[PDB]
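Participant: Dropping in work_32.csv, which is CSV, C-alpha atoms:
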```csv
chain,number,residue,atom,x,y,z
R,4,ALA,CA,-147.4,-12.1,40.0
R,5,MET,CA,-145.4,-15.3,40.2
R,6,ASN,CA,-146.5,-17.9,37.8
R,7,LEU,CA,-146.6,-21.0,40.0
R,8,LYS,CA,-147.9,-24.5,39.5
R,9,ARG,CA,-148.2,-26.2,42.9
R,10,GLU,CA,-148.4,-29.8,43.9
R,11,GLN,CA,-150.1,-31.0,47.1
R,12,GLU,CA,-148.5,-29.8,50.3
R,13,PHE,CA,-147.0,-32.6,52.3
R,14,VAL,CA,-146.5,-33.1,56.1
R,15,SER,CA,-143.3,-35.1,56.7
R,16,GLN,CA,-143.3,-34.5,60.5
R,17,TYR,CA,-145.6,-32.7,62.9
R,18,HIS,CA,-144.8,-33.2,66.5
R,19,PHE,CA,-146.4,-31.8,69.7
R,20,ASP,CA,-144.3,-32.5,72.8
R,21,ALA,CA,-144.8,-31.4,76.4
R,22,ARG,CA,-141.6,-29.8,77.6
R,23,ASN,CA,-139.4,-31.9,79.8
R,24,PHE,CA,-138.1,-29.5,82.4
R,25,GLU,CA,-135.8,-32.1,84.0
R,26,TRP,CA,-134.2,-32.7,80.6
R,27,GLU,CA,-134.0,-28.9,80.0
R,28,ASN,CA,-132.3,-28.4,83.4
R,29,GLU,CA,-129.4,-30.5,82.2
R,30,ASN,CA,-129.5,-29.6,78.5
R,31,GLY,CA,-130.9,-26.1,78.2
R,32,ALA,CA,-134.3,-24.9,77.0
R,33,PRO,CA,-135.2,-25.2,73.3
R,34,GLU,CA,-135.4,-22.1,71.1
R,35,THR,CA,-137.9,-21.1,68.5
R,36,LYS,CA,-136.6,-21.4,64.9
R,37,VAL,CA,-138.6,-21.4,61.7
R,38,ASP,CA,-136.9,-21.7,58.3
R,39,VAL,CA,-137.7,-22.0,54.6
R,40,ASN,CA,-135.3,-23.9,52.4
R,41,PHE,CA,-135.4,-25.0,48.7
R,42,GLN,CA,-134.4,-28.2,46.9
R,43,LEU,CA,-133.9,-28.0,43.1
R,44,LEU,CA,-135.6,-30.8,41.2
R,45,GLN,CA,-135.3,-29.8,37.6
R,46,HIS,CA,-134.5,-27.0,35.2
R,47,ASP,CA,-136.6,-27.4,32.1
R,48,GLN,CA,-134.7,-25.2,29.6
R,49,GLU,CA,-137.1,-25.6,26.7
R,50,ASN,CA,-140.1,-24.5,28.7
R,51,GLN,CA,-138.2,-22.3,31.1
R,52,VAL,CA,-139.6,-23.9,34.3
R,53,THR,CA,-137.8,-24.5,37.5
R,54,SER,CA,-139.2,-27.2,39.7
R,55,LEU,CA,-138.2,-27.2,43.4
R,56,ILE,CA,-139.3,-28.4,46.7
R,57,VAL,CA,-140.2,-25.7,49.2
R,58,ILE,CA,-139.4,-27.0,52.7
R,59,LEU,CA,-140.7,-25.4,55.9
R,60,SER,CA,-139.0,-26.6,59.0
R,61,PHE,CA,-140.0,-25.4,62.5
R,62,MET,CA,-139.5,-25.6,66.2
R,63,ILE,CA,-141.8,-23.4,68.1
R,64,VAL,CA,-141.4,-23.1,71.9
R,65,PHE,CA,-144.4,-22.4,74.1
R,66,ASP,CA,-144.5,-22.2,77.9
R,67,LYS,CA,-145.5,-25.9,78.4
R,68,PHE,CA,-144.9,-27.5,75.0
R,69,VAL,CA,-143.0,-27.4,71.7
R,70,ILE,CA,-144.4,-27.8,68.1
R,71,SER,CA,-141.8,-29.1,65.6
R,72,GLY,CA,-141.5,-30.7,62.2
R,73,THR,CA,-141.3,-30.3,58.5
R,74,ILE,CA,-143.9,-29.5,55.8
R,75,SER,CA,-143.1,-29.2,52.1
R,76,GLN,CA,-144.5,-28.6,48.7
R,77,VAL,CA,-143.2,-29.1,45.1
R,78,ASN,CA,-143.6,-25.8,43.2
R,79,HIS,CA,-142.9,-25.2,39.6
R,80,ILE,CA,-141.9,-21.6,38.7
R,81,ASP,CA,-143.1,-21.0,35.2
R,82,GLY,CA,-141.1,-18.6,33.0
R,83,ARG,CA,-137.9,-18.4,35.1
R,84,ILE,CA,-134.8,-20.4,35.5
R,85,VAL,CA,-133.7,-20.0,39.2
R,86,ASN,CA,-130.1,-21.4,39.3
R,87,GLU,CA,-129.6,-20.7,42.9
R,88,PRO,CA,-132.8,-20.5,45.2
R,89,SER,CA,-131.0,-17.9,47.3
R,90,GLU,CA,-131.6,-15.4,44.5
R,91,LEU,CA,-135.4,-15.3,45.4
R,92,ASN,CA,-136.4,-12.3,47.3
R,93,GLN,CA,-138.4,-12.1,50.6
R,94,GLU,CA,-141.8,-11.7,48.9
R,95,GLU,CA,-141.1,-14.5,46.5
R,96,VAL,CA,-140.0,-16.8,49.3
R,97,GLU,CA,-143.2,-16.0,51.3
R,98,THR,CA,-145.4,-16.6,48.2
R,99,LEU,CA,-143.6,-19.9,47.6
R,100,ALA,CA,-144.0,-21.0,51.2
R,101,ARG,CA,-147.6,-19.7,51.7
R,102,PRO,CA,-149.4,-23.1,51.5
R,103,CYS,CA,-146.9,-24.7,53.8
R,104,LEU,CA,-147.2,-21.8,56.3
R,105,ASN,CA,-151.0,-22.1,56.2
R,106,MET,CA,-150.7,-25.9,56.9
R,107,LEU,CA,-148.5,-25.1,59.9
R,108,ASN,CA,-151.0,-22.5,61.2
R,109,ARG,CA,-154.0,-24.8,60.8
R,110,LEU,CA,-152.4,-27.9,62.4
R,111,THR,CA,-151.1,-25.8,65.3
R,112,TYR,CA,-154.5,-24.2,65.9
R,113,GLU,CA,-156.4,-27.5,66.0
R,114,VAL,CA,-153.8,-29.4,67.9
R,115,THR,CA,-153.4,-26.8,70.6
R,116,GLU,CA,-157.2,-26.3,71.0
R,117,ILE,CA,-157.7,-30.0,71.5
R,118,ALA,CA,-154.6,-30.9,73.5
R,119,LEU,CA,-154.9,-27.9,75.9
R,120,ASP,CA,-158.7,-27.6,76.1
R,121,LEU,CA,-158.4,-23.8,75.4
R,122,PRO,CA,-159.1,-21.7,72.3
R,123,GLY,CA,-156.6,-22.7,69.6
R,124,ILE,CA,-153.4,-20.8,69.2
R,125,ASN,CA,-153.2,-18.9,66.0
R,126,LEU,CA,-149.5,-18.5,64.9
R,127,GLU,CA,-150.5,-16.1,62.1
R,128,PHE,CA,-147.5,-16.9,60.0
G,4,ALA,CA,-170.5,-47.3,88.4
G,5,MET,CA,-166.9,-46.4,89.2
G,6,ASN,CA,-166.6,-43.5,91.5
G,7,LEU,CA,-163.9,-41.5,89.7
G,8,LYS,CA,-162.5,-38.1,90.3
G,9,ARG,CA,-160.6,-37.1,87.2
G,10,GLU,CA,-157.9,-34.4,86.6
G,11,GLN,CA,-157.3,-32.8,83.2
G,12,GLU,CA,-156.1,-35.2,80.5
G,13,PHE,CA,-152.6,-34.4,79.3
G,14,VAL,CA,-150.7,-34.9,76.0
G,15,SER,CA,-147.1,-35.7,76.6
G,16,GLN,CA,-146.4,-36.6,73.0
G,17,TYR,CA,-148.5,-36.6,69.8
G,18,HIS,CA,-146.5,-37.2,66.6
G,19,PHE,CA,-147.5,-37.5,63.0
G,20,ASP,CA,-144.8,-38.9,60.8
G,21,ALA,CA,-144.8,-39.8,57.1
G,22,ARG,CA,-143.4,-43.3,56.7
G,23,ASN,CA,-139.8,-43.5,55.5
G,24,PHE,CA,-139.9,-46.5,53.1
G,25,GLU,CA,-136.1,-46.3,52.6
G,26,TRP,CA,-135.6,-46.6,56.4
G,27,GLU,CA,-138.3,-49.4,56.6
G,28,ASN,CA,-136.5,-51.3,53.8
G,29,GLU,CA,-133.5,-51.7,56.1
G,30,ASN,CA,-135.3,-51.8,59.5
G,31,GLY,CA,-138.7,-53.3,58.9
G,32,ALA,CA,-142.1,-51.7,58.9
G,33,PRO,CA,-143.5,-50.4,62.2
G,34,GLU,CA,-146.5,-52.2,63.7
G,35,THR,CA,-149.6,-50.9,65.4
G,36,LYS,CA,-149.6,-51.2,69.2
G,37,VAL,CA,-151.9,-49.4,71.7
G,38,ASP,CA,-151.5,-49.9,75.4
G,39,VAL,CA,-153.0,-48.6,78.7
G,40,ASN,CA,-150.8,-48.7,81.7
G,41,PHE,CA,-151.1,-47.4,85.3
G,42,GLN,CA,-148.8,-45.6,87.7
G,43,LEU,CA,-149.8,-45.6,91.4
G,44,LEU,CA,-149.5,-42.2,93.0
G,45,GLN,CA,-151.1,-42.6,96.5
G,46,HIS,CA,-153.2,-44.9,98.6
G,47,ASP,CA,-155.3,-42.8,101.0
G,48,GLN,CA,-156.2,-45.4,103.6
G,49,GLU,CA,-158.4,-43.1,105.8
G,50,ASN,CA,-160.6,-42.1,102.8
G,51,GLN,CA,-160.1,-45.3,100.8
G,52,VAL,CA,-159.0,-43.6,97.6
G,53,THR,CA,-156.4,-44.7,95.1
G,54,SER,CA,-154.8,-42.1,93.0
G,55,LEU,CA,-153.1,-43.2,89.8
G,56,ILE,CA,-152.0,-42.0,86.4
G,57,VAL,CA,-153.7,-43.7,83.5
G,58,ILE,CA,-151.3,-43.7,80.6
G,59,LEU,CA,-152.3,-44.4,77.0
G,60,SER,CA,-149.4,-45.0,74.7
G,61,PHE,CA,-149.8,-45.6,71.0
G,62,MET,CA,-148.2,-46.3,67.6
G,63,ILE,CA,-150.8,-46.5,64.8
G,64,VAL,CA,-149.6,-47.4,61.4
G,65,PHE,CA,-151.4,-46.2,58.3
G,66,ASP,CA,-150.5,-46.7,54.6
G,67,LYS,CA,-148.4,-43.5,54.3
G,68,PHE,CA,-147.9,-42.3,57.9
G,69,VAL,CA,-147.7,-43.2,61.6
G,70,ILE,CA,-149.5,-41.6,64.6
G,71,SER,CA,-147.6,-42.1,67.9
G,72,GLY,CA,-147.3,-40.7,71.4
G,73,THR,CA,-148.6,-40.8,75.0
G,74,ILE,CA,-151.6,-39.2,76.6
G,75,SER,CA,-152.3,-39.5,80.3
G,76,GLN,CA,-154.8,-38.6,83.1
G,77,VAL,CA,-154.6,-38.6,86.9
G,78,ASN,CA,-157.7,-40.5,88.2
G,79,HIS,CA,-158.8,-41.0,91.8
G,80,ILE,CA,-160.8,-44.2,92.4
G,81,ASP,CA,-163.0,-43.3,95.4
G,82,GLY,CA,-164.0,-46.2,97.7
G,83,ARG,CA,-161.4,-48.7,96.7
G,84,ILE,CA,-157.8,-49.6,97.4
G,85,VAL,CA,-156.3,-51.0,94.2
G,86,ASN,CA,-152.9,-52.5,95.4
G,87,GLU,CA,-152.0,-53.7,92.0
G,88,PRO,CA,-153.5,-52.0,88.8
G,89,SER,CA,-153.5,-55.4,87.1
G,90,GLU,CA,-156.5,-56.3,89.3
G,91,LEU,CA,-158.8,-53.9,87.3
G,92,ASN,CA,-161.0,-55.6,84.7
G,93,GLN,CA,-161.4,-54.8,81.0
G,94,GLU,CA,-164.5,-52.6,81.6
G,95,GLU,CA,-162.8,-50.7,84.5
G,96,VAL,CA,-159.7,-50.2,82.4
G,97,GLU,CA,-161.7,-48.8,79.5
G,98,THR,CA,-163.7,-46.5,81.8
G,99,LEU,CA,-160.4,-45.3,83.3
G,100,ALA,CA,-158.9,-44.7,79.9
G,101,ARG,CA,-162.0,-43.2,78.2
G,102,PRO,CA,-161.0,-39.5,78.3
G,103,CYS,CA,-157.5,-40.4,77.0
G,104,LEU,CA,-158.9,-42.5,74.2
G,105,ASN,CA,-161.3,-39.7,73.2
G,106,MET,CA,-158.3,-37.3,73.1
G,107,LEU,CA,-156.5,-39.7,70.8
G,108,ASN,CA,-159.6,-40.0,68.5
G,109,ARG,CA,-160.1,-36.2,68.3
G,110,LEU,CA,-156.4,-35.3,67.6
G,111,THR,CA,-156.2,-38.0,65.0
G,112,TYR,CA,-159.4,-36.9,63.3
G,113,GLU,CA,-158.3,-33.3,63.0
G,114,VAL,CA,-154.7,-33.9,62.2
G,115,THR,CA,-155.4,-36.4,59.4
G,116,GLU,CA,-158.1,-34.2,57.9
G,117,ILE,CA,-155.8,-31.2,57.7
G,118,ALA,CA,-152.5,-33.0,56.8
G,119,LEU,CA,-154.0,-35.3,54.2
G,120,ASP,CA,-156.7,-32.9,52.8
G,121,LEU,CA,-159.3,-35.7,53.1
G,122,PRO,CA,-162.1,-36.4,55.5
G,123,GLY,CA,-160.6,-37.0,59.0
G,124,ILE,CA,-159.9,-40.6,60.0
G,125,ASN,CA,-162.0,-41.7,62.9
G,126,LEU,CA,-160.2,-44.3,65.0
G,127,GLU,CA,-163.4,-45.1,67.0
G,128,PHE,CA,-161.4,-46.2,70.0
```
Would you encode the structure as structure tokens?

Facilitator:
Amino acid sequence: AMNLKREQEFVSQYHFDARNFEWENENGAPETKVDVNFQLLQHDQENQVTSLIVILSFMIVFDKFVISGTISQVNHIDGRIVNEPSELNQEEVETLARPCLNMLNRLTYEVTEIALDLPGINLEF
Amino acid sequence: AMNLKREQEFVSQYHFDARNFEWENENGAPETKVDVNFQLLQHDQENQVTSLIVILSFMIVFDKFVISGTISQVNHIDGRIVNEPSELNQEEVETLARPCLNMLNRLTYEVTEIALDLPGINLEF
């Protein structure tokens, strides 16, 4: 089990936009892309803690609309010095991103239910 | 009572953005502005119906974030030719905009509850 201390997850940007098919005719249709990246904040050598920001950025393309933005969370990994965030494995990355991914799922469910007047879309990320 | 036939309300854009105080230091803080405008679609002379689009555009500034976008609804005013939408009075304009305003209130309540982890903000528009 990762020994994580987590700060409050933070929405920097959450955008719902209807697709503009006139614009896409000229410029091409947007593509879905979802990415998790990491910013180092601090290595505490004495206590062996790495503080970083987990950053979830997304553009998710539906038939009629696009969901896009960035959600992030400061995480402290207790008991490990992670020099380069690329050394974290897939399971570690998912664990680190889990609160952000949940935020994305819950905003998307509520916004799509309300905006479309249909049962909410569950991304299940 | 207005004799309205309404089509489904439509979200063109609904954006939540954290304020960028570095950007605002250079560029000035955003200001709240909410506006209702009208696009004529058709005057049906025989049936005496004016079809228009009611367009609610908004930028709403909170301490830490901004809500902005556009929500619209095609309305048909049955029994009246409205040559120039500026001839509608305040009560008529509110009635025409009511579904859009409700959409704005409900998206804002849910998005703020989820994103901020606090009771939803009720705009009460």

Participant: What does the distance from atom CA of residue R:121 to atom CA of residue R:19 come to in Å, to one decimal?

Facilitator: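 Distance between the two atoms: 15.5 Å.
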
Participant: To one decimal place, how far is atom CA of residue R:75 from atom CA of residue R:122 in Å?

Facilitator: 26.8 Å

Participant: Find the residues in chain R near chain G: any atom within 12 Å counts, using all atoms listed in the file. Write them as an NGL selection string.

Facilitator: :R and (11-23 or 67-75 or 102-103 or 105-121)

Participant: Select all residues near (-150.6, -51.7, 76.7) (cut-off 12 Å, inclusive, file coordinates), counting all atoms listed in the file, and output them as a list in words.

Facilitator: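 Final list of nearby residues, as requested, is residues 35, 36, 37, 38, 39, 40, 41, 57, 58, 59, 60, 61, 62, 73, 89, 96, 97 and 100 of chain G.
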
Participant: For the reference chain G, what are the coordinates of chain R after least-squares fitting (all Cα, in-order pairing), as a CSV table (one decimal) with C-alpha atoms, in the frame of the given file?

Facilitator:
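Final output, saved to superposed.csv:
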```
chain,number,residue,atom,x,y,z
R,4,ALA,CA,-170.6,-47.3,88.4
R,5,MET,CA,-167.0,-46.4,89.2
R,6,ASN,CA,-166.6,-43.5,91.5
R,7,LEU,CA,-163.9,-41.5,89.7
R,8,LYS,CA,-162.5,-38.0,90.3
R,9,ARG,CA,-160.6,-37.0,87.2
R,10,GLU,CA,-157.9,-34.4,86.6
R,11,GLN,CA,-157.3,-32.8,83.2
R,12,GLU,CA,-156.1,-35.2,80.5
R,13,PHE,CA,-152.6,-34.4,79.4
R,14,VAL,CA,-150.8,-34.9,76.0
R,15,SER,CA,-147.1,-35.7,76.6
R,16,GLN,CA,-146.4,-36.6,73.0
R,17,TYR,CA,-148.4,-36.6,69.8
R,18,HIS,CA,-146.5,-37.2,66.7
R,19,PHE,CA,-147.6,-37.5,63.0
R,20,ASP,CA,-144.8,-38.9,60.8
R,21,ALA,CA,-144.8,-39.7,57.1
R,22,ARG,CA,-143.4,-43.2,56.7
R,23,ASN,CA,-139.9,-43.5,55.5
R,24,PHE,CA,-139.9,-46.4,53.2
R,25,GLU,CA,-136.1,-46.3,52.6
R,26,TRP,CA,-135.6,-46.6,56.4
R,27,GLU,CA,-138.3,-49.4,56.6
R,28,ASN,CA,-136.5,-51.3,53.8
R,29,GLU,CA,-133.5,-51.7,56.0
R,30,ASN,CA,-135.2,-51.8,59.4
R,31,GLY,CA,-138.7,-53.3,58.9
R,32,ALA,CA,-142.1,-51.7,58.8
R,33,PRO,CA,-143.6,-50.4,62.1
R,34,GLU,CA,-146.5,-52.2,63.8
R,35,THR,CA,-149.6,-50.9,65.3
R,36,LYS,CA,-149.6,-51.1,69.2
R,37,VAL,CA,-151.9,-49.4,71.6
R,38,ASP,CA,-151.6,-49.9,75.4
R,39,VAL,CA,-153.0,-48.7,78.7
R,40,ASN,CA,-150.8,-48.7,81.7
R,41,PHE,CA,-151.2,-47.4,85.3
R,42,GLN,CA,-148.8,-45.6,87.7
R,43,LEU,CA,-149.8,-45.6,91.4
R,44,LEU,CA,-149.5,-42.2,93.1
R,45,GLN,CA,-151.1,-42.7,96.4
R,46,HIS,CA,-153.2,-44.9,98.6
R,47,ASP,CA,-155.2,-42.8,101.0
R,48,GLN,CA,-156.2,-45.4,103.6
R,49,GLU,CA,-158.4,-43.1,105.7
R,50,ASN,CA,-160.6,-42.1,102.8
R,51,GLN,CA,-160.1,-45.3,100.8
R,52,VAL,CA,-159.0,-43.5,97.6
R,53,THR,CA,-156.4,-44.7,95.2
R,54,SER,CA,-154.8,-42.1,93.0
R,55,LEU,CA,-153.1,-43.2,89.8
R,56,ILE,CA,-152.0,-42.0,86.5
R,57,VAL,CA,-153.7,-43.7,83.5
R,58,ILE,CA,-151.3,-43.7,80.6
R,59,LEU,CA,-152.3,-44.3,77.0
R,60,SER,CA,-149.4,-45.0,74.7
R,61,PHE,CA,-149.8,-45.6,70.9
R,62,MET,CA,-148.3,-46.3,67.6
R,63,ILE,CA,-150.8,-46.5,64.9
R,64,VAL,CA,-149.6,-47.5,61.3
R,65,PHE,CA,-151.4,-46.2,58.3
R,66,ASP,CA,-150.5,-46.7,54.6
R,67,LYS,CA,-148.4,-43.4,54.3
R,68,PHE,CA,-148.0,-42.3,57.9
R,69,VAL,CA,-147.7,-43.3,61.6
R,70,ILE,CA,-149.5,-41.6,64.6
R,71,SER,CA,-147.6,-42.1,67.9
R,72,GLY,CA,-147.3,-40.8,71.4
R,73,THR,CA,-148.5,-40.7,74.9
R,74,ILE,CA,-151.6,-39.2,76.6
R,75,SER,CA,-152.4,-39.5,80.3
R,76,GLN,CA,-154.7,-38.6,83.1
R,77,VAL,CA,-154.6,-38.7,86.9
R,78,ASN,CA,-157.7,-40.5,88.2
R,79,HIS,CA,-158.7,-41.0,91.7
R,80,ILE,CA,-160.8,-44.1,92.4
R,81,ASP,CA,-163.0,-43.3,95.3
R,82,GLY,CA,-164.0,-46.1,97.7
R,83,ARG,CA,-161.4,-48.7,96.7
R,84,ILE,CA,-157.8,-49.5,97.4
R,85,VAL,CA,-156.3,-51.0,94.2
R,86,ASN,CA,-152.9,-52.5,95.4
R,87,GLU,CA,-152.0,-53.7,92.0
R,88,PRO,CA,-153.6,-52.0,88.9
R,89,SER,CA,-153.5,-55.3,87.1
R,90,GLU,CA,-156.5,-56.4,89.2
R,91,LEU,CA,-158.8,-53.9,87.3
R,92,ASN,CA,-161.0,-55.6,84.8
R,93,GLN,CA,-161.4,-54.8,81.1
R,94,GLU,CA,-164.5,-52.6,81.6
R,95,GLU,CA,-162.8,-50.7,84.4
R,96,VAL,CA,-159.7,-50.2,82.4
R,97,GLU,CA,-161.7,-48.8,79.4
R,98,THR,CA,-163.7,-46.5,81.8
R,99,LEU,CA,-160.4,-45.3,83.3
R,100,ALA,CA,-158.9,-44.7,79.9
R,101,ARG,CA,-162.0,-43.2,78.2
R,102,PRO,CA,-160.9,-39.5,78.3
R,103,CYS,CA,-157.5,-40.3,77.0
R,104,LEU,CA,-158.9,-42.5,74.2
R,105,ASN,CA,-161.3,-39.7,73.2
R,106,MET,CA,-158.3,-37.2,73.1
R,107,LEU,CA,-156.5,-39.7,70.8
R,108,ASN,CA,-159.5,-40.0,68.5
R,109,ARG,CA,-160.1,-36.2,68.3
R,110,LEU,CA,-156.4,-35.3,67.7
R,111,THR,CA,-156.1,-38.1,65.0
R,112,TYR,CA,-159.3,-37.0,63.3
R,113,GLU,CA,-158.3,-33.3,63.0
R,114,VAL,CA,-154.7,-34.0,62.2
R,115,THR,CA,-155.4,-36.4,59.5
R,116,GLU,CA,-158.1,-34.2,57.9
R,117,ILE,CA,-155.8,-31.3,57.7
R,118,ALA,CA,-152.5,-33.0,56.9
R,119,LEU,CA,-154.0,-35.3,54.1
R,120,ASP,CA,-156.7,-32.9,52.8
R,121,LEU,CA,-159.3,-35.7,53.1
R,122,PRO,CA,-162.2,-36.4,55.5
R,123,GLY,CA,-160.6,-37.0,59.0
R,124,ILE,CA,-159.9,-40.6,60.0
R,125,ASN,CA,-162.0,-41.7,62.9
R,126,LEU,CA,-160.2,-44.4,65.0
R,127,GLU,CA,-163.3,-45.0,67.1
R,128,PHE,CA,-161.4,-46.3,70.0
```

Participant: Could you please determine the separation between atom CA of residue R:10 and atom CA of residue R:80 in Å, to one decimal place?

Facilitator: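 Separating atom CA of residue R:10 from atom CA of residue R:80 is a distance of 11.7 Å.
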
Participant: Would you list the contacts of residue R:32 as a PyMOL selection string, taking every protein, DNA or RNA residue within 9 Å and counting all atoms listed in the file, but skipping same-chain residues closer than 3 positions in sequence?

Facilitator: chain R and resi 22+24+26-28+64

Participant: Take the residues that were just selected and, keeping C-alpha atoms, output them as a compact mmCIF listing (two decimals), in the coordinates of the input.

Facilitator:
```txt
# COMPACT_ATOMS: atom_id res chain seq x y z
CA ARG R 22 -141.60 -29.80 77.60
CA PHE R 24 -138.10 -29.50 82.40
CA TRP R 26 -134.20 -32.70 80.60
CA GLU R 27 -134.00 -28.90 80.00
CA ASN R 28 -132.30 -28.40 83.40
CA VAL R 64 -141.40 -23.10 71.90
```
